[PDB]
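Encoded as structure tokens, the structure appears first; notes follow it.
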Amino acid sequence: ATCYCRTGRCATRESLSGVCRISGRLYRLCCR
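Residue numbering for the sequence shown follows this note's numbering, starting at 10 and increasing by one per position.
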């Protein structure tokens, strides 16, 4: 799977797969 740590929501073709953590804040991990 190929993934992005996103600032907003996942793209429609991506699925939320986890969270990314940056400086103690959570972001969506979105994968395809």
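Backbone N, C-alpha and C fix where the C-beta goes; we use that ideal spot for every residue, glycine too.
What separation, rounded to the nearest whole angstrom, lies between the Cα atoms of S32 and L38? 15 Å
Return the residue from the list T11, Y36, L35 that minimises the CA-CA distance to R22. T11
Pop quiz: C14 and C29 are said to be a contact at Cβ under 8 Å. What is the actual Cβ separation, rounded to whole angstroms? 4 Å
Determine the direct distance from the alpha carbon of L35 to that of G17, and round the result to whole angstroms. 11 Å
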